[PDB]
């Protein structure tokens, strides 16, 4: 059992709790940390080289950047930064969240997640995504309520943490059934838009 502490940060209302709750076993075996006001979800993923567990730290409160306690960030080995693609201000604060991560955890693999892409009225489009030089910052579209691209942040983090590029999830975990449809035509267009933008930066 290899396991990694993963901190899930971003503005309130971006969908962090909805997102981590999709993993059913991690919800049923979650742990509350009374001293820190935090829920640790033990998320298991089954790779071709064995089980990996991400112990995902989810806040219970709507604290701003630099509002979380020190113990939240302690021993964090990876992170997900989340924003809402229908709220530009949440994306404006992604750099702020990123500073806090470097300040207290130095160099950890980080994934950037634009959530709620199931909504048609998307404000933050792929053309508006500021891509960066560092290879510790990958972007993924996701829709928590539809499980769209749920496994992609974890697969990327697993590959960087384990140091193996060909690491595969042999199966998807048991996820909560979708509460909304991710329109496949939107998905097909967004995937292509993202591919052209990442080729530029």
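Positions refer to the first chain, counted from 1.
Novice: Do the C-alpha atoms of 116-124 or of 93-101 have the higher average B factor in the entry?
Specialist: Here the higher of the two C-alpha B-factor means belongs to 93-101.
Novice: Between 128-136 and 153-161, name whichever shows the higher mean Cα B factor according to the PDB entry.
Specialist: Looking at the record's C-alpha B-factors, the answer is 128-136.
Novice: Using only the C-alpha B-factors in the record, can you name which of 53, 145, 64, 41 has the highest?
Specialist: Of the candidates given, the C-alpha B-factor peaks at 64.
Novice: Sort the modelled residues of this chain by their C-alpha B factor and say whether residue 170 lands in the lowest, middle or highest third.
Specialist: Ranked within chain, residue 170 CA B lands in the middle tercile.
Novice: In terms of the chain's CA B-factor thirds, is residue 79 lowest, middle or highest?
Specialist: Answer is middle: the recorded C-alpha B-factor places it there.
Novice: If you rank the chain by CA B-factor, which third does residue 35 end up in: lowest, middle or highest?
Specialist: Middle third of the chain for residue 35's C-alpha B-factor.
Novice: Among the modelled residues of its chain, does the C-alpha B-factor of residue 181 lie in the lowest, middle or highest third?
Specialist: It belongs to the highest third of the chain when residues are ordered by C-alpha B-factor.
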